[PDB]
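Labels for the chains are A, B, C, D, E, F, G, H, I and J, by order of writing; each one numbers its residues from 1.
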Amino acid sequence: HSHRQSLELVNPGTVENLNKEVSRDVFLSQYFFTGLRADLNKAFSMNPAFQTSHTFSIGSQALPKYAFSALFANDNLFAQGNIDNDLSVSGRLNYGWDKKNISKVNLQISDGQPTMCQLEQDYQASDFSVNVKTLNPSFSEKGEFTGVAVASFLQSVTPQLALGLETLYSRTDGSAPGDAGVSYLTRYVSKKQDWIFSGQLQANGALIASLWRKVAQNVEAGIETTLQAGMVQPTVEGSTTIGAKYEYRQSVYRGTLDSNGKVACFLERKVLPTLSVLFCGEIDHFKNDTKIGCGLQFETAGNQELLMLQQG
Amino acid sequence: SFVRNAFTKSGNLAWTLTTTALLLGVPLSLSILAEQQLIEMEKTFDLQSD
Amino acid sequence: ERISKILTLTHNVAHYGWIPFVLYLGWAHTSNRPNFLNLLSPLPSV
Amino acid sequence: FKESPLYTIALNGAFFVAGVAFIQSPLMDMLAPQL
Amino acid sequence: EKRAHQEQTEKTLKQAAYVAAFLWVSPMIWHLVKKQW
Amino acid sequence: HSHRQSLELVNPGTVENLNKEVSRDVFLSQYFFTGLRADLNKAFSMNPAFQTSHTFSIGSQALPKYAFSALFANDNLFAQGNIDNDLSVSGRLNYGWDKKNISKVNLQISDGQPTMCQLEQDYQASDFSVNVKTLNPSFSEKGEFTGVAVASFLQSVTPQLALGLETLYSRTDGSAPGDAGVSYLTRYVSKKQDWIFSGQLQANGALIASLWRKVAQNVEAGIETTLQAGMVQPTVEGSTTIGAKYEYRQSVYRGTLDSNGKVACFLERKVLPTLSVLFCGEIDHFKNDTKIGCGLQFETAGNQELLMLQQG
Amino acid sequence: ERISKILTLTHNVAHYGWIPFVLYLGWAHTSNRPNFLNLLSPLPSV
Amino acid sequence: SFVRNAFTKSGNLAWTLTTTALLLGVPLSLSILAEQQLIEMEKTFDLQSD
Amino acid sequence: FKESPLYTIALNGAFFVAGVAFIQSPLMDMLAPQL
Amino acid sequence: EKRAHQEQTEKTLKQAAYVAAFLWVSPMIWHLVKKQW
């Protein structure tokens, strides 16, 4: 359509990256841990990005006692294995057929919940991004679909505004009809890109709305709320979170306040270009109990060229 | 006494505020101090250069 | 039948050789080609 | 004391609006260190 | 019961397709609106 | 006695200071804490040493939520009050009648175990040191002594060796005869004072022996063991501890290994001349559980002269 | 009798005024003699 | 298998040793690094003086 | 397996003696950093 | 029973005094020993 091409709209980010600027950047949800934990990373090659990690976490229930994890990546290929104590294997592979077209497969294998298999194919266009993923996909003798399949579509209505929906198909056993749900997603970006707003009308009447603002090159802040719902009368269990992140040439700081009353901060001192020390403390004023954990990021290499590059 | 209840509640609130302020300010204070110290460093090395 | 046998067979292949796949890929691509023992160990060899 | 089901959403929305206004206010700008 | 569940799922998918087309053409209608005013 | 004076022996340290070089210097027993804790200290005068402290400990069972504590000291006088959350008052007063003669009184007051009163009189001589303390002293209608009274005597047999005994008198209620026990103490100091050995044959057949060595101006190390005893057959429950301390112009480090398997370290970074940051982490390999806690030592003053001195 | 009454009376005196004793001593000895409110507060006045 | 038991026990022992070594070495390493950095500082300021 | 009451004291004494020898050995000296 | 407890405590205190005097004179006897050898 010729007359439709005049708009010249920009491709919005993928659906998963909707809350990246807030959830994964200006919040501790991902970076937080507990108790001591040492992370040793070994670099072997850069142009072909290859790496070997280790982990020694003690006192953290979420983290494992030990975790070996080797990461490889190239221009169009990316892979990552993750051995875990108790021989819990986790793996992920990302292959880019085209510059803008990439297919990703994730597989976690263990003794509990054996072989959760996820495969998804991502497409990115000039103005829209669509990705479809299938959780624990399989087939049945009756021939109907089995497992969970999710398809998400996001189209930029205007250069500063992108709207999209997320389709969900789930079928636990196959005997009963597979429940399906739809969620609406919205992403607003300021003309100057100074601040970004994202809204997610998740299924089951749950709203996840967040805001992001770049105060300056060092300081960016954002907030996020939630309005989960229920029924025995309706039960609504939500929380509002305010978080700010300070980044500097030597350290990165993240702070966050929770409507539940808990307060948390996350500091990362780059004492050396390689070695980085992480501190992570949280308080729970409602119950008056504190979560705390320090860490390490020892960052050795294994090649003379890599060491020379590391030192400059 | 209701006055006593108000007093203890206010004291608890002040304690909570101070604890939160420390927890969220101290690490940021260390970060700012380190950054400004590094800025002074670079300034000193430059002054050495010229 | 065959496609469901392949499902389990490939899941086992993943379980038992995914990490070795990555390690071999890296060691082959790397020009240095470090020995396996040093490669695994978290110690710098340079 | 009412604590209606709607009370939680009303409180969270009020907090969200206040936080948004604050972040976009000049106060946030003043927070960011001069150096 | 499977009847109602299947019908509801099918209608959900149909409405999803409808809104997907709506989004596909959204820039077009927005351009038309801009022209109007 | 004229012929006895020729020896010219040195006064050994007080009985309580027997294990100071190890217990209170090269070990975390006193410095250790848990969870976050902020310590604000205010200095008001130096020649008359006056100070005002505050504490905000959260997550530490031993520590209180808040603790205000004002310390005053002069050439011959020393006092210290300590208000604690829940209005638990603790106090101590030390008064020096003579340069070598000092009387100390300690009093802890609360709702549980009300008014534990301790008074003691310390004497230091050319070659011997004697101190007597009375715990919860009182009198009874029957006239017999009540409370616990302890008298300790320590005489330097030779310049490099000091032996002493500790006498204990305890009477809980007064109706029953007051149990009394005696403990033997020994302290050996190298001719060069490089290393110090201390031995304590405590009562009830418990041996607390420790060693101390000054590796260099920055590094000193020491070990300590214990052999507590019991009866239903005899039960012996002891632990051997090895600890080392590294001190530097910017930080102080203390590490310790326990025969029980737990490992602990204690770092104190003096980021600023006033502000000091404390880290304290411990592991328990027997149960695989970790204790950890960071802290602060904010060190403001309140006088222009004090601030000028602080800055130099 | 009297000496045991004094025991309790002095224990109460300690409980209720030991810290004020130290504070007054410091404020009198200090040449600056800072106000009570600032003296108590953990903020620098200089 | 007894060989398997020995293997897992040895792995656990190595993990314990490495964890203890890190816990007792990292803070000391930071202390040594800070002290040597301060020594270099003082040397640099002196070199500035002369 | 015996684990006699005397076993605990024997083990603790052995640990104490080993630690004393180590601390007074040149090895402790080598531990102390040159700088 | 108080009889035995009191006697034991008294004997403990007496032995404590004996060893206290022993320690008081210890440098004297050590000097004598040094003179002997």
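Methods note: a contact is a pair of C-beta atoms (placed from the backbone, for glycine too) under 8 Å apart; a residue touches a chain by one contact, two chains touch by 3 or more.
Ranked by how far their CA centres sit from the centre of chain C, the chains are topped by J. Set side by side, F-G and B-F show the greater C-beta contact count at F-G.
Centroid to centroid, with C-alpha atoms defining each point, chain D and chain G lie 44 Å apart.
Mean C-alpha positions place chain A and chain E at a centre distance of 29 Å. Note: centroid distance chain E to chain F, computed from Cα atoms, is 76 Å.
Across the assembly, chain A contributes 36, 58, 279, 281, 283 as residues in contact with two or more other chains. Looking at chain C, no residue sits in touch with two or more other chains.
Looking at chain H, one finds that residues 19, 23, 30, 32, 35 touch two or more other chains.
In the complex of the two chains, the chain I residues touching chain F come out as 5-6, 8-9, 11-13, 15-16, 19-20, 23-24, 28-29, 31-33.
Interface residues of chain D, counted against chain B in their complex, comprise 33, 35. Remark: chain A residues 246, 248-253, 255, 257, 263, 265, 267, 269, 279, 281, 283, 285 touch chain B in the complex.
On the chain F side of its complex with chain I, the touching residues are 195, 209, 211, 213, 215-216, 218-219, 221-223, 225-227, 233-240, 242, 259. Put simply, chain A touches chain H in their complex at residues 36, 38, 56, 58, 65-66, 271-272, 277, 296.
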